[PDB]
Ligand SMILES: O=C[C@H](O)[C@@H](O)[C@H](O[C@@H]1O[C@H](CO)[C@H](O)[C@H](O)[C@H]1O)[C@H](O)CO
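Only one chain is shown below, in structure tokens, and it's the form deposited without the ligand.
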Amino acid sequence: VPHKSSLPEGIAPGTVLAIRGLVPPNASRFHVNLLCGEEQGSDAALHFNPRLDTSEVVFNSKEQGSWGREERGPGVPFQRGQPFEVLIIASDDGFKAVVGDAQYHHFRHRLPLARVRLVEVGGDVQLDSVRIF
């Protein structure tokens, strides 16, 4: 609405963000953001953006209001009308994106993991659960 999960103590290398939901029938795109605070315009360590309308999955970061260079995942492991399960796994050198029990993309840290304070999910998605271990 967007969904928000606050992480005031940050997340350590060895953290799993598990997201399950349904991509609805007319979905254009949705996003999962790991933000550095609760304020508007907060920096993004990771912006994860499956785009159903253009058949791409874009990864990016945002720092001081300005976006970095987009990375793209190999293919689109999402489909309108289908449920999904995504793991975003924080490691020492980046985030591992796991979709449907298959390694999908590695996004190397651009901001220090130590700054992440919030997980935000928005867009054309119908959330089943958002869990942080």
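The first residue of the shown sequence is 1; numbering continues from there.
Visitor: For the C-alpha atoms alone, is the average B factor greater in 34-42 or in 90-98, going by the entry?
Guide: Averaged over C-alpha atoms, the B-factors run higher in 34-42.
Visitor: Looking only at CA atoms, which has the higher mean B factor in the entry: 79-87 or 62-70?
Guide: Looking at the recorded C-alpha B-factors, 62-70 comes out higher on average.
Visitor: Between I19, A12, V119, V125, where does the Cα B-factor run highest in the record?
Guide: Answer, based on the entry's C-alpha B-factors: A12.
Visitor: Name the third of the chain's ranked CA B-factors that contains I132, choosing lowest, middle or highest.
Guide: It belongs to the lowest third of the chain when residues are ordered by C-alpha B-factor.
Visitor: What third of its chain's C-alpha B-factors does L52 belong to: lowest, middle or highest?
Guide: Answer is middle: the recorded C-alpha B-factor places it there.
This next part talks about the form solved in complex with the ligand, which is not shown.
Visitor: Just one of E38, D93, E70, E85 has a heavy atom within 4.5 Å of the ligand in the entry with it bound. Which one?
Guide: So the residue touching the ligand in the entry with it bound, by this definition, is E70.
Visitor: Between the options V58, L52, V99, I89, which residue brings a heavy atom to within 4.5 Å of the ligand in the entry with it bound?
Guide: Contact check passes for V58.
Visitor: Whether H47 contacts the ligand in the entry with it bound should be assessed with a 4.5 Å heavy atom distance threshold; does it?
Guide: Heavy-atom contact with the ligand at 4.5 Å: present for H47.
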